[PDB]
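Here's the structure we're looking at; comments come further down.
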There are 6 protein chains.
Amino acid sequence: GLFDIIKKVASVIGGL
Amino acid sequence: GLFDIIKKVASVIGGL
Amino acid sequence: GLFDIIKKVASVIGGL
Amino acid sequence: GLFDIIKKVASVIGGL
Amino acid sequence: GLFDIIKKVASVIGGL
Amino acid sequence: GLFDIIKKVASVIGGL
């Protein structure tokens with residue numbers, strides 16, 4: 001779209 | 001898009 | 001895009 | 001605890 | 001605790 | 001604690 005917002009997370013514990 | 005915001009996080013404890 | 005705001009983090013504790 | 005991790009966010013769009 | 005990690009973010013678009 | 005880590009951010013676009 002006009003702006004694209006992407007977040008990716010990896011964790012052993014507590015990826016929120 | 002016109003702006004792209006990208007965040008990648010790796011963690012053992014806590015990826016917020 | 002016109003501007004890309006890319007961030008990467010690696011940590012044992014507390015990626016924010 | 002031994003370490004306290006705290007995150008607070010305010011947004012109009014796209015708070016993650 | 002022994003260490004405190006505190007983050008506050010204000011945004012219109014995107015708070016990661 | 002023994003050490004305190006604090007970060008405050010204000011933005012229109014993209015608080016990371």
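Each chain of the structure tokens is named A, B, ... in the order shown, its residues numbered from 1; ligands are numbered from 1 in display order.
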
Skipping near chain neighbours, those fewer than 3 positions away, what residues fall within 9 Å of residue 1 (chain E) using only C-alpha atoms, listed as a count of residues only? 7

Which neighbours of residue 7 (chain E) fall inside 8 Å, counting only C-alpha atoms, when residues of the same chain fewer than 5 positions from it are skipped, and could you give them as a ChimeraX atom specification? /C:16 /D:6-8 /F:6-8

For the residues in that selection, give me N, CA and C atoms as a PDB file, in the first residue's frame.
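selection_33.pdb written:
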ATOM      1  N   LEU C  16      13.904  -5.113  21.854  1.00  0.00           N
ATOM      2  CA  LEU C  16      12.812  -4.129  22.005  1.00  0.00           C
ATOM      3  C   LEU C  16      12.561  -3.274  20.765  1.00  0.00           C
TER       4      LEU C  16
ATOM      5  N   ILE D   6      10.169  -3.604  30.203  1.00  0.00           N
ATOM      6  CA  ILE D   6       8.913  -2.867  30.094  1.00  0.00           C
ATOM      7  C   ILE D   6       8.894  -2.122  28.774  1.00  0.00           C
ATOM      8  N   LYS D   7       7.797  -2.239  28.032  1.00  0.00           N
ATOM      9  CA  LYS D   7       7.584  -1.513  26.783  1.00  0.00           C
ATOM     10  C   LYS D   7       6.187  -0.914  26.756  1.00  0.00           C
ATOM     11  N   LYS D   8       6.095   0.362  26.410  1.00  0.00           N
ATOM     12  CA  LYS D   8       4.858   1.131  26.247  1.00  0.00           C
ATOM     13  C   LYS D   8       4.842   1.802  24.898  1.00  0.00           C
TER      14      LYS D   8
ATOM     15  N   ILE F   6      17.073   3.162  29.724  1.00  0.00           N
ATOM     16  CA  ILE F   6      15.823   3.851  29.412  1.00  0.00           C
ATOM     17  C   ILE F   6      15.924   4.454  28.021  1.00  0.00           C
ATOM     18  N   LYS F   7      14.881   4.309  27.213  1.00  0.00           N
ATOM     19  CA  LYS F   7      14.792   4.922  25.887  1.00  0.00           C
ATOM     20  C   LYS F   7      13.396   5.459  25.641  1.00  0.00           C
ATOM     21  N   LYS F   8      13.279   6.758  25.393  1.00  0.00           N
ATOM     22  CA  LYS F   8      12.031   7.415  25.010  1.00  0.00           C
ATOM     23  C   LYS F   8      12.148   7.907  23.573  1.00  0.00           C
TER      24      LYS F   8
END

Within 9 Å of residue 14 (chain A), counting only C-alpha atoms, which residues qualify if same-chain residues fewer than 4 places away don't, as a PyMOL selection string? chain B and resi 11-16
